[PDB]
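In the structure tokens that follow, the same protein chain appears in two forms, which are kept apart as structure 1 and structure 2.
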Structure 1
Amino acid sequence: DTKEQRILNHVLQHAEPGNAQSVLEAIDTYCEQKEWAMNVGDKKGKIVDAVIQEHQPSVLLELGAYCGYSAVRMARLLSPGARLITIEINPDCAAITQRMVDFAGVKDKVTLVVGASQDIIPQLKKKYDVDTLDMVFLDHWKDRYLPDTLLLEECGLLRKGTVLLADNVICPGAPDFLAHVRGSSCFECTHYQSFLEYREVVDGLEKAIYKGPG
């Protein structure tokens, strides 16, 4: 069933008929529990970990670094002398990440590069001693997923068996990326369901009161 059906199905089984507060409470509970099920279940981090241990990459490319969570997560799993190359376009996110990576005890494995992926990626062979990449983690700006994927290919950085692992492909979403790698026979795809984590996004309501043409 769809997630809407499941929410309704939960309400029918568990809320008091005719009591709106009981319905709301029921739904808030259903969601509060799934979210606790996802956070305690450690889904997102368990997935990344699993992919890395499954494929044992030695040259690993990360597009995007917020607070350095993903860098630490991935670098701690690499064998000695493996390299994580991290590209982040925001100097302030880059600075926190380096601090995070230093503090986490994995700086020996990380090469952090500040700048735009589209400019750095073509420099990887020439300037960073990369032959081909064993794995790519995409967690940067969603409009860059497909362009950078194509660019990696054009630049000769992908080989057969190179693993692309793309985060946040539903929310905020990277549908043009998904359409391309899924429909293309050059890529073999698996989707892993998850939910967002606090570090990734924030939301809010706007209240806008109309004042008249006046």
Structure 2
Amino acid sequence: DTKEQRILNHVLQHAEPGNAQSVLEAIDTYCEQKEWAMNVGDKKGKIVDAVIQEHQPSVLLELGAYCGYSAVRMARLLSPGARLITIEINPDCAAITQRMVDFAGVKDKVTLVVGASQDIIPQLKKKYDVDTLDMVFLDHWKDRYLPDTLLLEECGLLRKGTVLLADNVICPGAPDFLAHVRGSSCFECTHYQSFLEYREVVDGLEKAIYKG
């Protein structure tokens, strides 16, 4: 019985099926008052809602699914016919992402890619019928932000106007990535100060728009 298993257990009991918003509040109050978990949280989540609602992307890439909290959060706001792909290396996390997604009724617009982001990014175009990504949400291991950004650029998955949204830019921090995107003339950057999930600590989301 793992931590990620009780969180699905909570949703399966307290959340009402087919309602993406409900699941969200289930995951939030469980982690909020029983066990801490590396979900984006509601407070930066409300920012991703504002950012997704604005740029209204057709194809969106997530790096690191975990329990599907952010996959639910993003995909419940996608226009009809929009796709979200979510890369997750851990088979156990990837099995629970799917369940969570099924419960929310969001299984039809979210495609799970089970594997290491570095291995599947070069295979993204061909295997999954992908031209360019309208938006990338980075939230996997922090050492992989920069590598995978150059990897996404290399494979030509980055389009002029692509929105990279990066989590945990203050805590635990993604300093090499932050340094590259803010300094690069390929990226136009905005910071949104928020708060680390389930805590009174200052975190924030960095938005970086590729320019070519």
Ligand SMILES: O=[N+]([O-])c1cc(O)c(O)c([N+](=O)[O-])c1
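Shifts are known only where both forms have a C-alpha. Residue indices: 1-based, along structure 1. Take the two forms, find the largest set of C-alpha atoms that superpose within 1.5 Å, and that set is the rigid core.
Colleague: Tell me which of the two, 1 or 2, is the form solved without ligand DNC.
Modeller: Looking at both copies of the chain, structure 1 is the one that matches the description.
Colleague: If you line up the core, which of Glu154, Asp42, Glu188, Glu54 has a CA that moves 2 Å or more between the two structures?
Modeller: Flagged residue: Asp42.
Colleague: Taking the rigid core as reference, does the Cα of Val163 move 2 Å or more between the two structures?
Modeller: No; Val163 is a residue whose C-alpha shifts by less than 2 Å between the two structures when the cores are overlaid.
Colleague: Is there a C-alpha shift of 2 Å or more at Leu178 between the two structures once the rigid core is superposed?
Modeller: No; that C-alpha moves by less than 2 Å between the two structures.
Colleague: Return yes or no for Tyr69: a CA shift of at least 2 Å between the two structures, with the rigid core superposed?
Modeller: The answer is no; the displacement is under 2 Å.
Colleague: What's the distance in angstrom the Cα of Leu24 travels between the two structures, core superposed?
Modeller: For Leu24, the C-alpha ends up 33.9 Å from its position in the other form.
Colleague: Supposing the core is put in the same place in both forms, how far has the CA of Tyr198 shifted between the two structures, in Å?
Modeller: C-alpha shift for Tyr198: 3.7 Å.
Colleague: What runs of three or more residues stand out between the two structures, with each Cα shifted 2 Å or more once the rigid core is matched?
Modeller: Shifted segments: 1-43, 198-212.
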